[PDB]
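Working notes, beginning with the structure itself.
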Amino acid sequence: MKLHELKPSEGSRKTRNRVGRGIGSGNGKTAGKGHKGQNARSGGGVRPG
Amino acid sequence: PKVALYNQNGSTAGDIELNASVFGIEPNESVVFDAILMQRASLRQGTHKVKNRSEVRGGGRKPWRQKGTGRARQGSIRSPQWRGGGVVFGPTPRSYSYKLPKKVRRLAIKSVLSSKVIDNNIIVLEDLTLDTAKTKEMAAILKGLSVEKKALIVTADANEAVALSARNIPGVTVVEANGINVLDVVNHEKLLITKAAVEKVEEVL
Amino acid sequence: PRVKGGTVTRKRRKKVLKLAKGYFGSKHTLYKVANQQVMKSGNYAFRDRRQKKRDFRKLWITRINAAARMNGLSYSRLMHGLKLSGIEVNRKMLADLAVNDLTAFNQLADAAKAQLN
Amino acid sequence: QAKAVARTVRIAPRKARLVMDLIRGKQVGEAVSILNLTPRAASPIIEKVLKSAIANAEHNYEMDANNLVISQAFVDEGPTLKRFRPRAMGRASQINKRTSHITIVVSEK
Amino acid sequence: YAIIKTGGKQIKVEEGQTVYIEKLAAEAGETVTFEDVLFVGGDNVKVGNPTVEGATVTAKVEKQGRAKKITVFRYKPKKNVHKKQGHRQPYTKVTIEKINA
RNA sequence: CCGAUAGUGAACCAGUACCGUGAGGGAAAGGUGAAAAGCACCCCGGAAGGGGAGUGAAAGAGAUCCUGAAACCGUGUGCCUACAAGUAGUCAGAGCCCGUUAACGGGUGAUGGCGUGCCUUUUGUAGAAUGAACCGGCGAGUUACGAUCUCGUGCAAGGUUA
RNA sequence: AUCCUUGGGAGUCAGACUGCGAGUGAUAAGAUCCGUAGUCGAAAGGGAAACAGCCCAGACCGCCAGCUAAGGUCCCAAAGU
RNA sequence: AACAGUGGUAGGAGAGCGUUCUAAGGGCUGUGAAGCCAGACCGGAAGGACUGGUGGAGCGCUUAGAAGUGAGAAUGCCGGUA
């Protein structure tokens with residue numbers, strides 16, 4: 001591997017979902033959490049079981 | 001690998017015979033790639049720190065009241081919404097080292113050495129005898145062995161003769177016998193070895 | 001690494017304002033009202049790219065009756081005449097144009113009346 | 001053609017656009033007489049700039065100073081002082097002490 | 001003057017009048033005859049049973065190029081929808097010679 | 001890691017100024033030039049403030065003193081306007097005026113057809129429901145450590161070593 | 001051309017209106033509460049003068065192409081005094 | 001290449017564009033870098049490029065990697081100006 005041409009493997013790297021930037025990305029305004037619902041607010045969330 | 005030996009001047013008749021299991025592997029193109037990247041990482045120091053919202057030395061009383069003036073709610077002075085700061089998440093100092101398995105870790109250096117044999121770039125420098133320790137000796141040898149750029153020198157002894165030279169030579173790096181590693185070989189394009197270190201490296205691994 | 005992003009905002013502000021010249025008042029001057037008004041004038045665009053395609057026909061149909069009644073026929077009857085005597089697939093801007101060089105249109109209207117009997 | 005610049009004498013701009021709009025287009029024998037009698041007491045700020053603009057054209061270029069047409073006369077709001085003036089019931093409003101830049105470009109007929 | 005279905009949409013054409021129609025390859029530089037002529041005109045050799053049997057019109061294709069860039073931008077006036085389509089349109093600068101009756 | 005709304009609150013005579021009886025809160029404020037060569041002399045002006053003259057590469061660099069945007073405030077203007085009802089645009093459109101990152105050119109567009117902002121929250125908002133005076137900058141989904149699934153890599157009833 | 005399992009991954013668990021069938025109501029309500037179907041919501045276009053729910057119909061994009069649906073065919077305003 | 005599709009909130013998946021820094025060399029700068037303003041140029045968009053003028057010392061490209069990675073709405077914060 002010449003350090004110029006340093007390309008990764010076939011499908012081992014993948015971009016993080018940058019959540020909450022702009023409308024047209026998907027998941028911009030509500031940032032995937034949803035609407036009015038315990039779960040959409042900050043700080044969780046409820047106990048697991 | 002039946003590469004002809006070098007007299008460091010001659011240079012020279014007589015060829016050496018290397019291990020197929022070390023210098024004759026089809027190089028793994030994506031197992032090498034993982035190993036540069038853990039090598040570049042953790043050379044970074046990780047000393048980036050941000051005074052967080054609590055951690056900012058700041059008065060915590062509310063500036064004005066809750067409800068009753070023509071303003072907003074505006075809880076603390078030193079928050080995230082204010083001029084004073086600071087960053088919400090921020091970078092905190094942290095780690096970057098992590099160890100690959102040795103069945104990878106061998107097969108990285110087993111790959112890149114085997115790759116550079118095919119690309120006609122190993123020049124085995126027998127016995128590396130230097131009669132003084134000035135850098136002008138290594139000026140002539142590298143140019144006399146017709147190499148120009150960044151270069152590695154594998155000394156099986158960690159010589160005071162070799163290593164005091166050639167470091168002021170701005171591209172060439174003098175390496176420990178054990179001290180071979182992937183960001184030295186990939187970076188410096190070419191590596192010069194004693195006859196004794198090929199005995200050593202093929203019986204390191 | 002700290003990311004100011006001090007330039008990227010500016011060049012987007014200065015392409016919408018490029019697309020907002022000639023607007024009345026200070027919609028052309030400001031940004032934060034202009035980005036509404038460009039946003040209208042794209043949504044106002046696409047509707048009106050389907051009006052000239054649908055309302056220029058509502059010109060030339062009047063510009064047939066303003067010639068078809070010179071020869072004593074109606075568009076509701078004339079476009080039946082061209083559909084029978086002839087299977088004529090004449091463009092309705094161009095059975096219009098047939099007015100620019102009248103009486104080429106009337107001789108087509110002459111072709112209409114023969115199968116109106 | 002000549003130019004004089006005032007650069008930060010304390011007056012409001014809008015209290016000096018009005019003195020100015022009996023000048024732009026007039027003559028030297030038709031503005032120094034008019035500025036003395038407006039009375040509009042931002043006048044002798046400008047009249048010490050027009051008359052200084054003519055005696056620029058007197059010394060520096062010798063453009064036959066009595067035969068000049070006043071061409072450009074724009075005035076811009078310069079560096080604004082700002083003071084807080086107190087007010088009852090704890091209001092403490094603001095007073096904007098404005099400053100202007102008078103430029104009277106005097107030119108040949 | 002000749003009336004031609006190439007399109008599919010119809011053009012009034014005299015000889016020499018530069019006419020923009022669809023992208024048709026024509027290997028821009030070559031010559032193409034047009035094949036659906038209605039209404040010869042002039043001496044009013046008028047159409048009948050559509051398409052004047054073989055009254056074709058030759059044309060020297062000169063340029064094949066794209067139009068002004070047009071920004072298709074539809075947006076829903078609430079609900080966070082934005083669809084911004086840059087768009088081009090391919091013409092062919094057909095130069096027309098020898099209206100043949 | 002930061003490059004002056006960041007990084008300590010403080011790159012600057014900062015816990016200063018101010019605010020509080022008092023415990024306490026607590027700022028803003030970087031850059032002439034390579035060096036002062038920091039503008040001798042003449043003209044206007046009481047004096048600041050200018051115009052010539054020299055200084056230097058620059059003086060538009062001359063005291064917030066490199067860069068200087070926008071809101072704003074001007075001055076000139078080329079085209080439109082004093083029978084007009086308008087979320088101010090779009091598509092059509094002659095006249096008039098210019099010649100271009102050479103293109104089915106650019107600007108104003110007399111008038112006609114269509115057309116009630118953006119966002120939140122809602123069953124439903126042009127909304128007479130909330131939000132914003134504008135302009136510029138800062139401002140919000142990670143990070144540490146584990147558990148799970150796909151994807152990839154090495155080795156394969158043997159894999160990793162703290 | 002869909003469905004079954006299996007795993008990862010979320011949103012909604014307040015809906016409205018119109019017709020058909022029901023209760024409460026006074027066989028009152030753009031009323032409430034169910035079934036069923038549509039549409040809206042998440043749907044732009046044309047109708048219904050303007051109109052989230054009726055009527056017709058689904059917007060990848062350009063055309064100064066043609067044919068039709070609901071509704072129309074004196075002027076407004078396209079099409080038959 | 002044939003045939004079909006291509007409205008869309010909450011949401012799931014995929015592909016991209018940006019900005020800052022580091023790593024390979026390769027490549028522009030006093031014969032003028034970054035940034036600024038103008039303009040009728042090009043790609044599906046995010047967006048790029050070119051000529052002019054200002055600006056007077058730094059800067060991009062490719063290929064990967066890290067992330068204080070993107071602004072119109074917080075009665076947000078500060079400053080300026082209405």
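Quick note on naming: the chains in the structure tokens go A, B, ... in the order shown, residues restart at 1 in each chain, and ligands are numbered from 1 in order of appearance.
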
**Prompt:** Could you write out as an NGL selection string the residues of chain C within 12 Å of chain B, counting only C-alpha atoms?
**Reply:** :C and (1-3)

**Asked** Can you tell me, as a ChimeraX atom specification, what residues are no more than 12 Å from residue 72 (chain C) when counting only C-alpha atoms (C1' of nucleotides), ignoring any on the same chain fewer than 5 positions away?
**Response** /C:64-67,77-78,106,109-110,112-113

**Prompt:** If we count only C-alpha atoms, which residues of chain E reach to within 9 Å of chain C? Please list them as JSON, numbers by chain.
**Reply:** {"E": [3, 5, 9, 10, 11, 12, 38, 41, 42, 44, 46, 47, 48, 49, 50, 51, 71, 72, 73, 74, 75, 76, 77, 84]}

**Request:** Determine which residues of chain G sit within 10 Å of chain A, taking into account only C-alpha atoms (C1' of nucleotides), and present them as an NGL selection string.
**Result:** :G and (10-12)

**Request:** Determine which residues of region 7-195 of chain B DSSP labels as helix (DSSP H, G or I) from the backbone of this structure, then write them out as an MDAnalysis selection string.
**Result:** chainID B and resid 20:23 29:40 102:118 135:144 160:164 182:185 195

**Request:** Excluding residue 33 (chain G) and any residue of its chain fewer than 3 positions from it, enumerate the residues within 12 Å of it, using only C-alpha atoms (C1' of nucleotides), and give them as an NGL selection string.
**Result:** :G and (22-25)

Assign secondary structure with DSSP using the backbone only, and return the residues of chain E in strand (DSSP E or B) as a short mmCIF file (atom, residue, chain, number, x, y, z; two decimals) with N, CA and C atoms, in the first residue's frame.
data_model
loop_
_atom_site.label_atom_id
_atom_site.label_comp_id
_atom_site.auth_asym_id
_atom_site.auth_seq_id
_atom_site.Cartn_x
_atom_site.Cartn_y
_atom_site.Cartn_z
N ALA E 2 -43.30 26.06 -44.98
CA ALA E 2 -43.61 24.66 -44.75
C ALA E 2 -43.88 24.40 -43.28
N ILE E 3 -44.78 23.45 -43.04
CA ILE E 3 -45.25 23.09 -41.72
C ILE E 3 -44.90 21.63 -41.47
N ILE E 4 -44.12 21.38 -40.42
CA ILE E 4 -43.36 20.14 -40.28
C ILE E 4 -43.59 19.56 -38.89
N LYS E 5 -43.96 18.29 -38.83
CA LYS E 5 -44.03 17.55 -37.57
C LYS E 5 -42.71 16.82 -37.35
N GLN E 10 -45.09 21.34 -34.03
CA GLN E 10 -45.06 21.69 -35.43
C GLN E 10 -44.53 23.11 -35.61
N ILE E 11 -43.79 23.34 -36.70
CA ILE E 11 -43.06 24.59 -36.90
C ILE E 11 -43.44 25.16 -38.26
N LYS E 12 -43.68 26.48 -38.31
CA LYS E 12 -43.70 27.18 -39.59
C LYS E 12 -42.27 27.43 -40.03
N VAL E 13 -41.97 27.10 -41.28
CA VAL E 13 -40.60 27.09 -41.77
C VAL E 13 -40.56 27.65 -43.18
N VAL E 19 -34.14 27.00 -36.88
CA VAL E 19 -35.23 26.43 -36.11
C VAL E 19 -34.63 25.48 -35.08
N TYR E 20 -34.96 25.70 -33.80
CA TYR E 20 -34.53 24.81 -32.73
C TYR E 20 -35.59 23.74 -32.50
N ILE E 21 -35.21 22.48 -32.65
CA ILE E 21 -36.10 21.36 -32.35
C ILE E 21 -35.31 20.46 -31.40
N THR E 31 -26.49 16.43 -42.54
CA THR E 31 -27.74 16.86 -43.13
C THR E 31 -28.84 15.84 -42.86
N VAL E 32 -30.03 16.34 -42.51
CA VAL E 32 -31.19 15.50 -42.25
C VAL E 32 -32.37 16.08 -43.03
N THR E 33 -33.12 15.21 -43.70
CA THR E 33 -34.38 15.60 -44.31
C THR E 33 -35.51 15.40 -43.31
N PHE E 34 -36.51 16.27 -43.38
CA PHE E 34 -37.67 16.20 -42.50
C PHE E 34 -38.85 15.61 -43.25
N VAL E 37 -44.27 16.67 -43.79
CA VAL E 37 -44.63 18.04 -44.13
C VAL E 37 -46.12 18.13 -44.45
N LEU E 38 -46.81 18.98 -43.71
CA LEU E 38 -48.18 19.38 -43.97
C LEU E 38 -48.15 20.77 -44.60
N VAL E 57 -38.49 18.10 -46.57
CA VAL E 57 -37.67 19.29 -46.42
C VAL E 57 -36.31 18.89 -45.86
N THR E 58 -35.26 19.20 -46.60
CA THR E 58 -33.90 18.97 -46.16
C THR E 58 -33.49 20.01 -45.13
N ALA E 59 -32.50 19.65 -44.32
CA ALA E 59 -32.04 20.56 -43.29
C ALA E 59 -30.62 20.21 -42.91
N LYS E 60 -29.80 21.24 -42.73
CA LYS E 60 -28.40 21.06 -42.36
C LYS E 60 -28.27 21.27 -40.87
N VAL E 61 -28.11 20.17 -40.14
CA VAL E 61 -27.95 20.22 -38.69
C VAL E 61 -26.61 20.85 -38.37
N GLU E 62 -26.63 21.96 -37.63
CA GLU E 62 -25.37 22.60 -37.31
C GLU E 62 -24.91 22.33 -35.89
N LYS E 63 -25.74 22.64 -34.90
CA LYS E 63 -25.33 22.65 -33.51
C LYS E 63 -26.26 21.74 -32.72
N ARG E 66 -27.33 22.58 -25.26
CA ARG E 66 -28.31 22.64 -24.20
C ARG E 66 -28.75 24.09 -23.97
N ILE E 70 -32.21 25.95 -16.11
CA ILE E 70 -33.45 26.34 -15.44
C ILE E 70 -33.53 25.59 -14.12
N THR E 71 -33.80 26.33 -13.05
CA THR E 71 -33.83 25.79 -11.69
C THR E 71 -35.25 25.39 -11.33
N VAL E 72 -35.57 24.12 -11.51
CA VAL E 72 -36.82 23.58 -11.00
C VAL E 72 -36.72 23.56 -9.48
N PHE E 73 -37.59 24.32 -8.83
CA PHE E 73 -37.57 24.38 -7.37
C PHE E 73 -39.01 24.44 -6.87
N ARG E 74 -39.57 23.28 -6.57
CA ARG E 74 -40.89 23.17 -6.00
C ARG E 74 -40.71 23.00 -4.50
N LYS E 83 -37.23 20.55 -2.77
CA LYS E 83 -36.81 19.78 -3.93
C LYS E 83 -36.25 20.77 -4.95
N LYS E 84 -34.94 20.82 -5.09
CA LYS E 84 -34.29 21.81 -5.94
C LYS E 84 -33.57 21.07 -7.06
N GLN E 85 -34.13 21.13 -8.25
CA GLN E 85 -33.63 20.42 -9.42
C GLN E 85 -33.07 21.42 -10.40
N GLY E 86 -31.76 21.42 -10.58
CA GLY E 86 -31.20 22.07 -11.74
C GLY E 86 -31.61 21.33 -12.99
N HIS E 87 -31.83 22.06 -14.08
CA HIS E 87 -32.30 21.38 -15.27
C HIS E 87 -31.81 22.09 -16.52
N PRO E 90 -32.13 19.93 -24.06
CA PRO E 90 -31.33 19.75 -25.27
C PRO E 90 -32.04 20.14 -26.56
N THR E 92 -31.45 21.36 -30.89
CA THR E 92 -30.59 21.16 -32.05
C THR E 92 -30.79 22.34 -32.98
N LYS E 93 -29.74 23.11 -33.23
CA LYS E 93 -29.92 24.32 -34.03
C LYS E 93 -30.01 23.92 -35.49
N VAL E 94 -31.19 23.47 -35.90
CA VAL E 94 -31.41 22.97 -37.25
C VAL E 94 -31.47 24.16 -38.20
N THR E 95 -30.57 24.19 -39.17
CA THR E 95 -30.66 25.13 -40.28
C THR E 95 -31.30 24.42 -41.46
N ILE E 96 -32.25 25.08 -42.09
CA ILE E 96 -33.18 24.44 -43.01
C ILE E 96 -32.97 25.02 -44.39
N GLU E 97 -32.75 24.15 -45.37
CA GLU E 97 -32.55 24.59 -46.74
C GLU E 97 -33.42 23.78 -47.67
N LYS E 98 -33.93 24.45 -48.70
CA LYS E 98 -34.63 23.87 -49.84
C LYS E 98 -35.90 23.14 -49.41
N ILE E 99 -36.89 23.95 -49.04
CA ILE E 99 -38.27 23.50 -48.94
C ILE E 99 -38.64 22.84 -50.25
#

**Prompt:** CA of residue 3 (chain D) and CA of residue 105 (chain D) are how many Å apart?
**Reply:**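 CA of residue 3 (chain D) sits 4.5 Å away from CA of residue 105 (chain D).
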
For residue 62 (chain C), list every protein, DNA or RNA residue within 12 Å, evaluated using only C-alpha atoms (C1' of nucleotides), and leave out those in the same chain fewer than 3 positions away; present the list as a PDB file with C-alpha atoms (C1' of nucleotides), in the first residue's frame.
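As a result, around-v3.pdb now contains:
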ATOM      1  CA  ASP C  55     -52.981  29.112 -21.614  1.00  0.00           C
ATOM      2  CA  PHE C  56     -51.366  29.964 -24.904  1.00  0.00           C
ATOM      3  CA  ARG C  57     -53.842  27.431 -26.254  1.00  0.00           C
ATOM      4  CA  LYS C  58     -56.460  29.717 -24.703  1.00  0.00           C
ATOM      5  CA  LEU C  59     -55.083  32.424 -26.957  1.00  0.00           C
ATOM      6  CA  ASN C  65     -62.885  32.159 -33.966  1.00  0.00           C
ATOM      7  CA  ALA C  66     -61.647  35.627 -34.827  1.00  0.00           C
ATOM      8  CA  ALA C  67     -60.917  34.197 -38.263  1.00  0.00           C
ATOM      9  CA  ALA C  68     -63.426  31.346 -38.499  1.00  0.00           C
ATOM     10  CA  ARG C  69     -66.265  33.797 -38.022  1.00  0.00           C
ATOM     11  CA  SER C  74     -67.573  28.461 -35.309  1.00  0.00           C
ATOM     12  CA  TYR C  75     -64.597  26.790 -33.604  1.00  0.00           C
ATOM     13  CA  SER C  76     -66.895  24.113 -32.230  1.00  0.00           C
ATOM     14  CA  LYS C  92     -53.242  25.034 -32.873  1.00  0.00           C
ATOM     15  CA  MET C  93     -50.652  27.782 -32.833  1.00  0.00           C
ATOM     16  CA  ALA C  95     -53.641  26.776 -37.680  1.00  0.00           C
ATOM     17  CA  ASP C  96     -53.527  30.124 -35.929  1.00  0.00           C
ATOM     18  CA  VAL C  99     -53.887  33.936 -39.909  1.00  0.00           C
TER      19      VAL C  99
ATOM     20  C1'   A G  77     -63.877  33.494 -19.245  1.00  0.00           C
ATOM     21  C1'   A G  78     -61.803  28.784 -23.192  1.00  0.00           C
ATOM     22  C1'   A G  79     -65.535  26.386 -25.873  1.00  0.00           C
TER      23        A G  79
END

Residue list for chain H near chain A as a PDB file with N, CA, C and O atoms (P, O5', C5', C4', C3', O3' and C1' of nucleotides), in the first residue's frame, 8 Å, only C-alpha atoms (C1' of nucleotides):
ATOM      1  P     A H  10     -40.575  14.456   8.524  1.00  0.00           P
ATOM      2  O5'   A H  10     -41.278  13.621   9.676  1.00  0.00           O
ATOM      3  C5'   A H  10     -41.703  14.223  10.885  1.00  0.00           C
ATOM      4  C4'   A H  10     -42.154  13.155  11.826  1.00  0.00           C
ATOM      5  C3'   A H  10     -41.198  11.990  11.907  1.00  0.00           C
ATOM      6  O3'   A H  10     -40.142  12.211  12.806  1.00  0.00           O
ATOM      7  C1'   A H  10     -43.341  11.174  11.478  1.00  0.00           C
ATOM      8  P     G H  11     -38.646  12.201  12.257  1.00  0.00           P
ATOM      9  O5'   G H  11     -38.428  10.700  11.791  1.00  0.00           O
ATOM     10  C5'   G H  11     -38.435   9.661  12.750  1.00  0.00           C
ATOM     11  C4'   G H  11     -38.770   8.330  12.139  1.00  0.00           C
ATOM     12  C3'   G H  11     -37.678   7.685  11.319  1.00  0.00           C
ATOM     13  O3'   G H  11     -36.685   7.078  12.120  1.00  0.00           O
ATOM     14  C1'   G H  11     -39.729   7.502  10.178  1.00  0.00           C
ATOM     15  P     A H  24       4.038  12.879   5.451  1.00  0.00           P
ATOM     16  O5'   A H  24       4.523  11.696   4.498  1.00  0.00           O
ATOM     17  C5'   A H  24       3.650  10.632   4.143  1.00  0.00           C
ATOM     18  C4'   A H  24       3.694  10.315   2.671  1.00  0.00           C
ATOM     19  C3'   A H  24       4.198  11.416   1.761  1.00  0.00           C
ATOM     20  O3'   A H  24       5.613  11.439   1.707  1.00  0.00           O
ATOM     21  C1'   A H  24       2.246  10.446   0.848  1.00  0.00           C
ATOM     22  P     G H  25       6.403  12.808   1.435  1.00  0.00           P
ATOM     23  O5'   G H  25       6.209  13.037  -0.122  1.00  0.00           O
ATOM     24  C5'   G H  25       6.698  12.075  -1.046  1.00  0.00           C
ATOM     25  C4'   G H  25       6.197  12.346  -2.436  1.00  0.00           C
ATOM     26  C3'   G H  25       6.593  13.736  -2.971  1.00  0.00           C
ATOM     27  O3'   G H  25       7.307  13.739  -4.237  1.00  0.00           O
ATOM     28  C1'   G H  25       4.278  13.369  -3.241  1.00  0.00           C
ATOM     29  P     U H  63     -10.053  11.496  -4.826  1.00  0.00           P
ATOM     30  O5'   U H  63      -9.236  10.599  -3.801  1.00  0.00           O
ATOM     31  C5'   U H  63      -8.556   9.449  -4.267  1.00  0.00           C
ATOM     32  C4'   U H  63      -7.532   8.954  -3.283  1.00  0.00           C
ATOM     33  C3'   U H  63      -8.009   8.743  -1.864  1.00  0.00           C
ATOM     34  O3'   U H  63      -8.766   7.564  -1.713  1.00  0.00           O
ATOM     35  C1'   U H  63      -5.904   9.806  -1.846  1.00  0.00           C
ATOM     36  P     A H  64     -10.284   7.672  -1.214  1.00  0.00           P
ATOM     37  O5'   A H  64     -10.299   6.827   0.123  1.00  0.00           O
ATOM     38  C5'   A H  64     -10.329   7.482   1.375  1.00  0.00           C
ATOM     39  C4'   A H  64      -9.204   7.027   2.257  1.00  0.00           C
ATOM     40  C3'   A H  64      -9.322   7.438   3.709  1.00  0.00           C
ATOM     41  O3'   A H  64     -10.145   6.562   4.453  1.00  0.00           O
ATOM     42  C1'   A H  64      -7.208   8.041   2.927  1.00  0.00           C
ATOM     43  P     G H  70     -20.815  22.647  12.044  1.00  0.00           P
ATOM     44  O5'   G H  70     -21.817  23.287  11.005  1.00  0.00           O
ATOM     45  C5'   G H  70     -21.591  24.607  10.548  1.00  0.00           C
ATOM     46  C4'   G H  70     -22.063  24.793   9.138  1.00  0.00           C
ATOM     47  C3'   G H  70     -23.548  25.044   8.980  1.00  0.00           C
ATOM     48  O3'   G H  70     -23.704  25.836   7.825  1.00  0.00           O
ATOM     49  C1'   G H  70     -22.975  23.149   7.755  1.00  0.00           C
TER      50        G H  70
END

**Asked** What is the CA of residue 56 (chain E)-CA of residue 17 (chain E) distance in Å, reported with one decimal?
**Response** 16.0 Å

Kindly determine which residues of chain F lie within 6 Å of chain D, considering only C-alpha atoms (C1' of nucleotides), and give the answer as a PDB file with N, CA and C atoms (P, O5', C5', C4', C3', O3' and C1' of nucleotides), in the first residue's frame.
ATOM      1  P     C F  43       0.853  80.559   3.770  1.00  0.00           P
ATOM      2  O5'   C F  43      -0.491  80.061   3.089  1.00  0.00           O
ATOM      3  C5'   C F  43      -0.819  80.465   1.770  1.00  0.00           C
ATOM      4  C4'   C F  43      -2.056  79.766   1.279  1.00  0.00           C
ATOM      5  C3'   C F  43      -3.217  79.769   2.245  1.00  0.00           C
ATOM      6  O3'   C F  43      -3.932  80.981   2.237  1.00  0.00           O
ATOM      7  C1'   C F  43      -2.928  77.593   1.382  1.00  0.00           C
ATOM      8  P     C F  44      -4.404  81.602   3.632  1.00  0.00           P
ATOM      9  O5'   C F  44      -5.725  80.785   3.957  1.00  0.00           O
ATOM     10  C5'   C F  44      -6.779  80.792   3.015  1.00  0.00           C
ATOM     11  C4'   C F  44      -7.838  79.775   3.326  1.00  0.00           C
ATOM     12  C3'   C F  44      -8.455  79.827   4.700  1.00  0.00           C
ATOM     13  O3'   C F  44      -9.386  80.876   4.833  1.00  0.00           O
ATOM     14  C1'   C F  44      -8.080  77.579   4.057  1.00  0.00           C
ATOM     15  P     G F  49      -7.720  66.671  13.859  1.00  0.00           P
ATOM     16  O5'   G F  49      -8.715  67.234  12.756  1.00  0.00           O
ATOM     17  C5'   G F  49      -9.994  66.652  12.567  1.00  0.00           C
ATOM     18  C4'   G F  49     -10.580  67.070  11.248  1.00  0.00           C
ATOM     19  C3'   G F  49      -9.675  66.867  10.053  1.00  0.00           C
ATOM     20  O3'   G F  49      -9.732  65.547   9.557  1.00  0.00           O
ATOM     21  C1'   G F  49     -10.571  69.047   9.999  1.00  0.00           C
ATOM     22  P     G F  50      -8.620  65.043   8.525  1.00  0.00           P
ATOM     23  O5'   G F  50      -9.263  65.332   7.106  1.00  0.00           O
ATOM     24  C5'   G F  50      -8.441  65.706   6.021  1.00  0.00           C
ATOM     25  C4'   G F  50      -9.027  66.850   5.249  1.00  0.00           C
ATOM     26  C3'   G F  50      -8.307  67.194   3.969  1.00  0.00           C
ATOM     27  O3'   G F  50      -8.692  66.341   2.909  1.00  0.00           O
ATOM     28  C1'   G F  50      -8.764  69.166   5.179  1.00  0.00           C
ATOM     29  P     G F  51      -7.594  65.719   1.920  1.00  0.00           P
ATOM     30  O5'   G F  51      -7.118  66.969   1.069  1.00  0.00           O
ATOM     31  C5'   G F  51      -8.036  67.670   0.252  1.00  0.00           C
ATOM     32  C4'   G F  51      -7.319  68.705  -0.554  1.00  0.00           C
ATOM     33  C3'   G F  51      -5.952  68.276  -1.034  1.00  0.00           C
ATOM     34  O3'   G F  51      -6.031  67.504  -2.215  1.00  0.00           O
ATOM     35  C1'   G F  51      -5.820  70.431  -0.077  1.00  0.00           C
ATOM     36  P     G F  52      -4.805  66.577  -2.659  1.00  0.00           P
ATOM     37  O5'   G F  52      -3.863  67.574  -3.454  1.00  0.00           O
ATOM     38  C5'   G F  52      -2.459  67.500  -3.311  1.00  0.00           C
ATOM     39  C4'   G F  52      -1.813  68.829  -3.572  1.00  0.00           C
ATOM     40  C3'   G F  52      -0.307  68.843  -3.442  1.00  0.00           C
ATOM     41  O3'   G F  52       0.352  68.354  -4.592  1.00  0.00           O
ATOM     42  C1'   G F  52      -1.180  70.620  -2.198  1.00  0.00           C
ATOM     43  P     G F  74     -30.732  58.614   3.790  1.00  0.00           P
ATOM     44  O5'   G F  74     -29.951  59.466   2.700  1.00  0.00           O
ATOM     45  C5'   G F  74     -29.098  58.841   1.752  1.00  0.00           C
ATOM     46  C4'   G F  74     -27.765  59.539   1.670  1.00  0.00           C
ATOM     47  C3'   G F  74     -27.444  60.167   0.331  1.00  0.00           C
ATOM     48  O3'   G F  74     -27.990  61.465   0.229  1.00  0.00           O
ATOM     49  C1'   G F  74     -25.621  58.859   1.037  1.00  0.00           C
ATOM     50  P     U F  75     -28.972  61.836  -0.976  1.00  0.00           P
ATOM     51  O5'   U F  75     -27.969  62.164  -2.159  1.00  0.00           O
ATOM     52  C5'   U F  75     -26.855  63.006  -1.917  1.00  0.00           C
ATOM     53  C4'   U F  75     -25.811  62.865  -2.984  1.00  0.00           C
ATOM     54  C3'   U F  75     -26.342  62.779  -4.389  1.00  0.00           C
ATOM     55  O3'   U F  75     -26.721  64.042  -4.891  1.00  0.00           O
ATOM     56  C1'   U F  75     -24.663  61.156  -4.078  1.00  0.00           C
TER      57        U F  75
END

**Request:** Residues of chain B near chain A: apply a cut-off of 12 Å, count only C-alpha atoms, and supply the list as an MDAnalysis selection string.
**Result:** chainID B and resid 27:37 40 108:109 111:116 119 182:190

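Near chain E, within 7 Å and using only C-alpha atoms (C1' of nucleotides), the residues of chain H are residues 9, 44 and 45 of chain H.
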
**Asked** Neighbours of residue 69 (chain G) within 12 Å (only C-alpha atoms (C1' of nucleotides); same-chain residues fewer than 4 positions away dropped), as a ChimeraX atom specification?
**Response** /G:46-47,55-57

Just write the chosen residues, C-alpha atoms (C1' of nucleotides), as a PDB file, in the first residue's frame.
ATOM      1  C1'   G G  46     -58.720  21.375 -12.392  1.00  0.00           C
ATOM      2  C1'   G G  47     -63.917  22.046 -10.937  1.00  0.00           C
ATOM      3  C1'   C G  55     -66.548  16.033  -7.932  1.00  0.00           C
ATOM      4  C1'   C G  56     -62.605  14.540 -11.227  1.00  0.00           C
ATOM      5  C1'   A G  57     -57.454  13.141 -10.860  1.00  0.00           C
TER       6        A G  57
END
